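Student:
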Amino acid sequence: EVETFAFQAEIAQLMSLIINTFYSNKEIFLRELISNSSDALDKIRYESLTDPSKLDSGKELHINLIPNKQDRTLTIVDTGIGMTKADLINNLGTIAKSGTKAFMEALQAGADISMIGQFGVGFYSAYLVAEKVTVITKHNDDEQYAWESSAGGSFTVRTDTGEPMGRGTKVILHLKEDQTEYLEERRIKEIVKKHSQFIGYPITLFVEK
Ligand SMILES: OCc1cccc(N2CCCC2)n1
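The opening residue of the sequence shown carries number 16 in the deposited numbering; numbering runs sequentially from there.
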């Protein structure tokens, strides 16, 4: 059972700008997604201080980067707080409405796309390199869900039946045909060293078979 939702007009407009604006510094997508993972891990670590049982779904707080040349996918896995169904459908887009308006006014005032993180909508930078994005997420208070969008103004949400995750978020980037450089180990290493060297969680870059 797959539910289809329309993006808010502002979010759909933001995704279209990201996809259609000529902008060569696409590598900032990884910094934005790692930053999102670090924030999600900060939240579950803080919540577990006053409630240790919140880590029953997993004590390890880490980030994994998994490239797959056969599927042409780059997966960013974290064991952070995860996202509920209400987050995927309502809460995140509601928060992102103000940030999108501020971001686009800034772009008209001379800012560039790499500053998208300062407006709270860095997740959508994934569409600089991905034609489709799948998000598998599990929050302690909800079920495991699969969020998916190839842009175009709509996204889907379903209950995920795949391998259980315990807790956290998995962002699967189905890369565009000309963006396969972000599957190479040397390239991912360079980006992490350049933009995410001081993230306070272990980042493990998986290598390919
Ligand atoms: O709206 C902004 C935003 C920030 C972080 C994550 C996110 N997601 C949309 C659904 C998948 C996850 N959106």
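C-beta: ideal position from N, C-alpha, C; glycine also.
Under the rule that 16 or more other beta-carbon atoms within 10 Å means buried, what is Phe44, buried or exposed?
Tutor: Within the sequence shown, numbered from 1, the residue matching residue 44 stands at position 29. Its Cβ being crowded by 16 or more others within 10 Å, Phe44 is buried.
Student: Distance check for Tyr38 and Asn105, CA to CA, integer angstroms please.
Tutor: Taking the first residue of the sequence shown as position 1, residue 105 is located at position 90. Taking the first residue of the sequence shown as position 1, residue 38 is located at position 23. C-alpha separation (whole angstroms): 30 angstroms.
Student: Of the choices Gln194, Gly168 and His154, whose alpha-carbon is the least far from that of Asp175?
Tutor: For the purposes of this step, residue 175 is identified with residue 160 of the sequence shown, where counting begins at 1. The option with the nearest alpha carbon to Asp175 is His154.
Student: Could you tell me whether the Cβ atoms of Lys204 and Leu220 are closer together than 8 angstroms?
Tutor: Taking the first residue of the sequence shown as 1, we reach residue 204 at position 189. Taking the first residue of the sequence shown as 1, we reach residue 220 at position 205. Closer than 8 angstroms, so yes.
Student: I need the DSSP call for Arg173, collapsed to helix, strand or coil.
Tutor: As a working mapping, residue 173 is identified with position 158 in the sequence shown. In this structure, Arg173 counts as strand in the three-state DSSP scheme.
Student: Which residue comes first and which comes last in the beta strand (DSSP E) that contains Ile91?
Tutor: Locating residue 91 in the sequence shown gives position 76, where the first residue counts as 1. Note, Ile91: beta strand (DSSP E), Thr88 to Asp93.
Student: Under the rule that 16 or more other beta-carbon atoms within 10 Å means buried, what is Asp102, buried or exposed?
Tutor: If you number the sequence shown from 1, residue 102 lands on position 87. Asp102 is buried by the Cβ-count criterion.
Student: Which term fits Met30, buried or exposed, when burial requires 16 or more other beta carbons within 10 angstroms of its beta carbon?
Tutor: Sequence index remark: in the sequence shown, residue 30 carries index 15 (1-based). Counting Cβ neighbours within 10 Å, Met30 comes out buried, since at least 16 surround it.
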